[PDB]
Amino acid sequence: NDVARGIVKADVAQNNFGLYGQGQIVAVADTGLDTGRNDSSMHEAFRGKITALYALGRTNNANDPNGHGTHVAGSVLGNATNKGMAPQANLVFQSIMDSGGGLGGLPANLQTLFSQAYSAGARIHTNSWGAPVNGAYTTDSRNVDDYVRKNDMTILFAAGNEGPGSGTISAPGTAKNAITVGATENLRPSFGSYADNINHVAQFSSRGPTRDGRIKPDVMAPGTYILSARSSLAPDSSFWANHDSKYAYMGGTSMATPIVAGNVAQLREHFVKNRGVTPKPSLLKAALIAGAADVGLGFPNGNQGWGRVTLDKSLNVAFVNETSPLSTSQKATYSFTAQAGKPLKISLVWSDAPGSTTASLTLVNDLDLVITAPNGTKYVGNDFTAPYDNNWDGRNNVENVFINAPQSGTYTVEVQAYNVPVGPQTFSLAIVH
């Protein structure tokens, strides 16, 4: 965690903006949490900051003999040493480990899981799990999408550990409306090749596209040799390596996800406290995407998604926060003033209607981003080949225009409603410049 914090600029958010996640509540659905008791017995990382501790998988038992959930929750918001990214956020923990060692505490309809967390006050919900179904959009993916469109809950999923082959995204990581997180490497080079370059995508990280050709994962964070809270019940075999009786190392997309979940708490706090709005899930996601760093593989990309979270660039994006609902053939038109000499990144994101688990394409409502430069040059979302206005996107609910060397003057930023059968459809925009 301490190394990841610097990599994703959570240190800049904390030190220069005062953002530790105070006032935010993150829900983690995972194995269990240390002793399973919200009392003085609880691991120092979480003691006194637990809003709710629910046992779903084992009656009256939310403890963590495995160690996975405790480590994950530590990365979000642990407030002892090796702190999480948002160490002043409070925790809602849903223990989903069953008595057979699996995650059978998950309900058949995931909306039930999200609703319980929402009622306890969580507005961010993070999930270091999945079924390795190679890009399929399953009933679970559909329920995540339906939930996010109906409720202002930001939901994050691990991309899966089924790479480096293409089309290996796990479900509900395939959901359109989740923030799906893949793993780059942490920089702990004494451990060798898995933690030696912050630009390297972890070899196991699942790779896009999804089955219907969408770009996943959305963003990346460090997910190898992450030092976080060690459950007091967990054996050495549950960790990549030991450190001390209270902290140990783990890796996976499981570890990248909670880092980003914590960053989302920091970001949400910033909007709420400093920018006068409650940011919708779509805006939080658009802001992370626009602010993210190309690790060196370029866009578009099935390995790195839209890049590695760089939180300080996300904080002060110019934005639209679902304030213009569109029906078919309508559009929303905006202006943005650019100055030559630095990149311009514009991300459009919507929380789409739930897709079908059988159709060729999961996209339901199709919006398009159309940018016009001061000299008239046109760009459409996700068209990265010149000329940049001939390849229209009809699959993704994330559309980007990234201009490395923009012109000085007024850019037109237009969102066009190509086809909205389940409308109206609102959207968010985030602009980094």
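All residue numbers refer to positions in the sequence shown, first residue = 1.
Comparing average C-alpha B factors as deposited, tell me which of 305 to 313 and 245 to 253 sits higher.
Comparing 305 to 313 with 245 to 253, the higher mean C-alpha B-factor belongs to 245 to 253.
Higher average CA B factor in the deposited record is what I'm after, so tell me if that's 283 to 291 or 133 to 141.
Averaging CA B-factors over each stretch, the winner is 133 to 141.
Which one, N397, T70, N375, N400, has the peak C-alpha temperature factor per the PDB entry?
In this record, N375 carries the highest C-alpha B-factor of the candidates.
Among the choices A340, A159, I346, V264, identify the one whose CA B-factor in the record is greatest.
Highest C-alpha B-factor among the listed options: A340.
Looking at the C-alpha B-factor of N82, is it in the lowest, middle or highest third of its chain?
Within its chain, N82 is a middle-third residue by C-alpha B-factor, going by the deposited values.
Would you please rank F114 by its C-alpha temperature factor against the other modelled residues of its chain and give the third it falls in: lowest, middle or highest?
CA B-factor rank for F114: lowest third.
Within this chain's modelled residues, let me know which third the CA B factor of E322 belongs to: lowest, middle or highest.
Within its chain, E322 is a lowest-third residue by C-alpha B-factor, going by the deposited values.
Within-chain third of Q88 by Cα B-factor, per the entry:
CA B-factor rank for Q88: middle third.
Split into thirds by Cα B-factor across the chain's modelled residues, where does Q407 land: lowest, middle or highest?
Its C-alpha B-factor belongs to the highest third of this chain's values.
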